[PDB]
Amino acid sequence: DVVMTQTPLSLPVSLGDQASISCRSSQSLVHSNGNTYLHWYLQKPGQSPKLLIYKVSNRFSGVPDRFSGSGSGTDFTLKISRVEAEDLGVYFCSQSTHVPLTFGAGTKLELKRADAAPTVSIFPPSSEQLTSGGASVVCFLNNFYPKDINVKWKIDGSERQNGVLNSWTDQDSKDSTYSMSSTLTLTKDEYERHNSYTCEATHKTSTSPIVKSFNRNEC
């Protein structure tokens, strides 16, 4: 029942880099005999966890030898010597010393690549959508890097909202970019009640919100 803090959360690495995932406890993971149980797993998008190392530093049958664990008591470390493609996954540390058995939130090993600006498109609510009296204002924040991005909604000058759905792609397996969908859902009625609708995003690549818009009674 120990809180287990991983570091970092995202880790940009290049193929052949040396990655280092960190993991900490609130206690000490030392039993008496058997001794200090902490392990590492690798989950690949669409699979179960792969055991990599148990009890601080023992490889499992078949982990390539570029994976190492070290540490004692509080703070552990996973080194991954020449990061390859098949290493790219989520990394969890787990504590077997005390019941309940805890994990950390995981560290995503994601490909490294040059920053890139969001190509932001904006669509007003559809005709078929308004006969039904629903109003979806959606904007696609296509092909960016890195994933960290702040979107905001604005209705007539500036408001915020509540019917907001944000989906993100997995990293593009061709271009190493990410993408996002910001969707605002309003009643036909509230829609027909305001003119100016703005998705404005924030990225690393700018200190000026990427802004897009339409005015309703323009279409």
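Residues carry their position along the shown sequence, with the first being 1.
Note on the listed residues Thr177, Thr183, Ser158, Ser68: the highest Cα temperature factor in the record is that of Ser158. When the modelled residues of the chain are ordered by C-alpha B-factor, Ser196 sits in the lowest third. Compared with the other modelled residues of the chain, the Cα B-factor recorded for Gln95 ranks in the highest third. For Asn142, the recorded CA B-factor ranks within the middle third of the chain. Only modelled residues enter the ranking. Ranked by Cα temperature factor within the chain, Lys79 sits in the middle third according to the deposited record. In the PDB entry, a CA B factor belonging to the highest third of its chain's modelled residues is recorded for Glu86.
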